[PDB]
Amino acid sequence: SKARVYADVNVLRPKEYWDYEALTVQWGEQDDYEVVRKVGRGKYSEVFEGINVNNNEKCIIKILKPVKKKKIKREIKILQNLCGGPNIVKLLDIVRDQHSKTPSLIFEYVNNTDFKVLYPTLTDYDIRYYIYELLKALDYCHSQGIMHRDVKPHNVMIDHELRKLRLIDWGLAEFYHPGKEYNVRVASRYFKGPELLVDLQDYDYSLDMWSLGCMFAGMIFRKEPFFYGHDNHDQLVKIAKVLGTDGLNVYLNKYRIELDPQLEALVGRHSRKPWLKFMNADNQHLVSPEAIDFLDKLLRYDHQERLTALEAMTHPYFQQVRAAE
């Protein structure tokens, strides 16, 4: 399997572009940035709002927890390569604590309202607007030969007041190389694509489109997470109960994948549940025929079947967003 678009991006570019291991970090001054207040945390870092003591402007300080040098260089290289792109967070500096060598990534400031409180207030148009903005970021990184691999509300910072969006945390991102077999232990469970759940390793940019689809489904149906599995096996089960097992079998046979007998047993057999059956009094104001058609073209077992980010942006669902912009 290979990407249907942007497959040769890293083939045509200098090795220095994607060979992140060859990178030699040019450390700045740790003293230049002071922590003001904690704003977030994850299993790989702690994030704070900070201040640049030289110009006194706000910034974001991401202090990384102890991890391998290879992974830290990967995130830095990807951030440098994407800097300046549409709605991509901007890496400004890279510093480390002299004594313990704890690294911190410094970013342009971005305000945010946790999606749990923001999303319930988004109007029909707001959803079209923000998803379009996220798509700009995804088509951009994909066009630059990079898969984010961790698309989820938590990594989509939105300043609702300014209506500004930023795709953050590129710690799981990777460069796409045709034929490469990647680690399937990426993204967050509720947003993992079928390919990861069935161990199909030669995946591509399309993985992010499934995750986007999960996020989108959660938004229009007011059900977060849309696919609520407890462990990786259960995650595939929940997906199967919605898309149906018939399409799963077509997928598995096409890519010659054999499911673990245990997992196969858990999945069982299920008919497809139409998207319309997810509509209720709580989401009726957001479920339009265009939204459903768009969602349908994202949540497909077969990654090669999903809309690319570029195609997604042209879907009629976003017609007013385009006309306006």
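For the two forms, the rigid core is made up of the largest set of C-alpha atoms that agree within 1.5 Å on superposition. When you see a residue number, it is the position in the sequence shown, counting from 1.
RMS Cα deviation from the shown model in 8 other deposited structures of this protein, rigid core fit, is larger for 98-106 than for the other stretch of the pair 73-81 / 98-106. Rigid core superposition in 8 other deposited structures of this protein puts the Cα atoms of one stretch, out of 45-53 and 294-302, farther from the shown form on average, and that stretch is 45-53. As listed in the deposited structure, the average C-alpha B-factor of 228-236 and of 149-157 is greater for 228-236. For the two regions 10-18 and 299-307, the entry's Cα B-factors average higher over 10-18. If you compare the C-alpha temperature factors of 63, 60, 291, 267 in the entry, 267 comes out highest. Taking only the listed residues 85, 218, 194, 244, the entry reports the highest CA temperature factor at 244. Residue 115: CA B factor lies in the highest third for its chain, per the PDB record. Placement of the Cα temperature factor of residue 137 within the chain: lowest third of the modelled residues, per the deposited record. Ranked by Cα temperature factor within the chain, residue 176 sits in the lowest third according to the deposited record. Annotation for residue 254: C-alpha temperature factor in the middle third relative to the rest of the modelled chain, per the entry. Among the modelled residues of the chain, residue 99 sits in the highest third by CA temperature factor in this PDB entry.
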